[PDB]
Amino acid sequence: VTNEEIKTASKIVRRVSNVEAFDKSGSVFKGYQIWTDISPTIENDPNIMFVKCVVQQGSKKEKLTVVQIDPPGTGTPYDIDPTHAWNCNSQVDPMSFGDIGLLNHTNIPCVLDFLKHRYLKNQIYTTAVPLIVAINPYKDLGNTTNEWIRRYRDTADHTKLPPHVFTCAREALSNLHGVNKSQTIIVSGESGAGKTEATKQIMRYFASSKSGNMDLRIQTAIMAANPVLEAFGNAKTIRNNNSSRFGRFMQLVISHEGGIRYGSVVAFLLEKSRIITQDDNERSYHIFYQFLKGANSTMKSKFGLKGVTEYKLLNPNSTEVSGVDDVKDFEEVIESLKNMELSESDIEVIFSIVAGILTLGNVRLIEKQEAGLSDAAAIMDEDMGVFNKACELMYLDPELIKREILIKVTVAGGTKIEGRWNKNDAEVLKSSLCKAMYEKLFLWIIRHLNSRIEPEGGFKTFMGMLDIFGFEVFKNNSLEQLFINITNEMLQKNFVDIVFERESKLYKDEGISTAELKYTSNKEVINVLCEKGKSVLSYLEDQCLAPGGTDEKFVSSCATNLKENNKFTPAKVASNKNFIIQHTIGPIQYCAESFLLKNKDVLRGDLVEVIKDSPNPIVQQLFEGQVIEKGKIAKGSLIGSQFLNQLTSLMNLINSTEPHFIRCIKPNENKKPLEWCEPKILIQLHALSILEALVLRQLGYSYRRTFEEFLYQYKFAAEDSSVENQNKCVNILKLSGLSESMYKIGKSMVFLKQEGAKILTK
């Protein structure tokens, strides 16, 4: 636990309702429990934020006398200001029901406890309508097996099943075949929160068919994609041994009995930087390690493969991951590529290109005295065999690749002015080639799979499945985080809209005015980030296309022009290269250092044309359909421009569907089962809008009983005397002296505000 985590969590903490510890006679109710912010136990443990106390008999109303009961205390009473006392759900078994909304008090210490109780008892799934909250147990609980799938698929009454990832899978599928409306399951959270697993389990649910009377050629290709996608797009980070370094979107056609008929995969924003360099105790993509360890002596000889520690692009110190068998994973990947309908030759080409990327990374560049220059780059003389092997393996012409990396042509005036690149600029070009070849090989493998698994006329009604990171808030947030946080702003509008849509329908069905239902939009912050001409992304594109473009000038243009909006804020410390966006979850600071370097990181020009001129059909296809444009930078070769189009395309699809949300929590930073870090978890409850989903549910007339249920709560039908029961309630609410704003009477139910429902019990 960092001190930044403690500072951040403390800002999330809020007290709303008032603690009612005293009886009508001013005496403390017998063993009345409260949560408190104050305790030595809290100060001494960074994992503890709140403590449970019993308010002592004879306590004063303005200063509470409490004895801390859990964590076990000294027994010594202490005085607290009632502003530091939150209500407690004493007498509630968190194991008996799966919805947080069912609790009487849903404050921060109450929500943390409900989920903690359940987590420690190995109940990791909890509902906070419309959300499914899943907490990483860091162990197999055996609750995602085939018998558990059958249990969730075949059970007649869905209300008899506890919360599970499978509840979204069952609900989404039921609504799809029920009303012929497309559905989307959005799986988000931090890295190591278990999004990967949630997606893998939902897909296995969907693959399980009641009657095996359907062709499974496509389904086997889709299911075989996960080991391949993981091998190429996932990597070991300090936070996760299998971190997904890309955003995944899938469209599926599922039979009502189960079984995947058709599918389409979309990968976006792969971490290109990782192919070239890795931090310490971090690896590059799994495939490099799987291939170098798992490939047979025949392929090892054919591709001239060295060991995992003999490559410049792979960290030598971090080549081993405990619990990860790269050799067995390689067997699984190869088998999966075969199940994706790729021939032994197609596979041999894929691994030739992989070995070629690794080989090219081992080619050393130096700075020679040539063409009247002292800084002309050149390939090291003993590495000329290595460079040729790299080109042979990638099915490229070494002479044309060499010319592209070393020679610099300025085509100004129609006139070709031929120069040379320096060792630094040529190392940039050699590195861009490894990154582009890898990304486009990964994208090709996906394009191949899609040609085999996609429906003929495209999708009409489909099951959408997005896997992305949630809101990212690090010390240093860069371009990558800005993209994830923009994506999350889009999905925030989807969340808010469906919550409102579902509530508004209910009120309309009962004949209650939705005029009081009032929830704000995030149109403003979306605009400050995306809006054509008037946005952060626009000024980024503008500064990338400007010849004298710098990170500082991009921040300055934003500061100047987006001064109009309250959503853009310059940073207090290092104003020149730092900014703040007022996201819905709060202010998120970004560091604009290397924004242009990262936004411009796309292989372009005559290098792309050398790849397209390859005699190999797979290599030809990698850059198939490219802007060409050697000289110089088009918005067709800028990352943010590409991203915003892809995002608009993605959102247009998601916006056409019914959304389902799975919010994944990482409970500790030590990959340990049954360990609970309250600050870490609080930040995530906030960021994943789990706390907002509770605030929203409880807004307006949230207390809804029927006419009869309201009459039973008063001790003294429906189909014989509904207008009698309707009027019996209207008289009760006039007699109790409640304000007309506190209640509304509908076709069959009584609509009470949360505060008005409380006044009725007292």
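Heads up: residue numbers just count along the shown sequence, starting at 1.
- Unmodelled residues of the deposited sequence between neighbouring positions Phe716 and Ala717 number 4 to 9.
- When the C-alpha B-factors of 564-572 and 166-174 are averaged, 564-572 comes out higher.
- Look at the C-alpha B-factors of 635-643 and of 104-112. On average they run higher in 635-643.
- The maximum CA B-factor among the listed residues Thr199, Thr520, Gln219, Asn226, taken from the PDB record, is found at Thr520.
- Of the candidates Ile238, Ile135, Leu252, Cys544, the deposited coordinates give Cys544 the top C-alpha B factor.
- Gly259: CA B factor in the middle third of modelled residues in this chain (values from the PDB entry).
- When the modelled residues of the chain are ordered by C-alpha B-factor, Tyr539 sits in the highest third.
- In the PDB entry, a CA B factor belonging to the middle third of its chain's modelled residues is recorded for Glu399.
- When the CA B factors of the chain's modelled residues are split into thirds, the value for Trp35 lands in the lowest one.
- Placement of the Cα temperature factor of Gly372 within the chain: highest third of the modelled residues, per the deposited record.
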